[PDB]
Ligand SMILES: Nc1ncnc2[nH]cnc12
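One chain comes next, on its own, written as structure tokens: the form deposited without ligand ADE.
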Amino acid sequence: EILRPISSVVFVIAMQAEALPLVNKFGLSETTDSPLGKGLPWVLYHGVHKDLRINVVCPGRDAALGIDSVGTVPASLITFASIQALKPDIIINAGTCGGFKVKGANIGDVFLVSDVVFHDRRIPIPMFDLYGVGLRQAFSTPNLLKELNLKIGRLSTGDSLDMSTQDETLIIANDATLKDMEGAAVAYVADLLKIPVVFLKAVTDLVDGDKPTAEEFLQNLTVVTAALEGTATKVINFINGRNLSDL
């Protein structure tokens, strides 16, 4: 004890383009010293909204190839470094991802994740199977679900962007509404270091749906990311002034 209102939050956002609209919305500033470590491509944005200190961290540009460092491994590293450096009350994993129409997802929905699994850590023996799947619960946010009326679902994570039949088999068996490339690894780290974790997952495509029309994916990313920033804004405002138990 004694429990009190949430003071600081970190967002773990894999794609630096998914983070920018949140950074502008809040007048967050790219830190020029290097909190998380010297000589890393990781990007940190810092600011204060009202009663909330806000951190947004991105794994940044891959040195070899010039792209965002996607996947479970860079996401887990940055979750770990930013927790020890920054000491957040709560972690929010925000990002765009895939969705299943048969599970009720629609392009541009922003989901609040109920719980998360992996689909690509297959260790087919007793007790290593469960560990491989790595089922973790997102921190419970009944009031915020009531105010925002966001759709809810299980998220299933793997480091592959396509979907093999092996992935599909397990994503089906496990009832996932969503498929991304980071979340369950963020959930792992958060669990190790006992920090509440929330997920805001914006659906850009329907794994089990039709390919987008000409104009559709032309607009699609921009429109779905704006939808994601808009929901992230409302989460922050809601959180502001509240205790973890009041969430």
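In this text, rigid core is short for the largest set of C-alphas that superpose within 1.5 Å between two forms. Start at 1 and count along the sequence shown; that's the residue number.
Averaged over their C-alpha atoms, the temperature factors of 62-70 and 174-182 are higher for 62-70. Here the stretch with the larger average CA B-factor, out of 216-224 and 195-203, is 216-224. Comparing the listed residues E147, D115, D167, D129, the entry records the largest Cα B-factor for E147. Ranked within its chain, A190 lands in the lowest third, by CA B factor from the PDB record.
There is another form of the same protein, the form deposited with ligand ADE bound; it is not shown, and what comes next is about it.
Partner proximity in the entry with it bound, defined as non-hydrogen atoms within 4.5 angstroms of ligand ADE, places exactly one of 108-116, 159-167, 78-86, 135-143 at the interface: 159-167.
Contact check for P74: no non-hydrogen atom falls within 4.5 Å of ligand ADE in the entry with it bound.
In the entry with it bound, at least one heavy atom of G98 sits within 4.5 Å of a heavy atom of ligand ADE.
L200 falls outside the set of residues with a heavy atom inside 4.5 Å of ligand ADE in the entry with it bound. The closest non-hydrogen atom of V43 lies beyond 4.5 Å of ligand ADE in the entry with it bound.
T213 is the sole member of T213, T222, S34, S29 with a non-hydrogen atom lying within 4.5 angstroms of ligand ADE in the entry with it bound.
Residues from 188-223 that approach ligand ADE in the entry with it bound with a non-hydrogen atom closer than or equal to 4.5 Å are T204, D205, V207, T213, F217, in the order they occur in the chain. Only one of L65, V48, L192, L218 has its C-alpha shifted by 2 Å or more between the shown form and the other one once the core is superposed, and that residue is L218.
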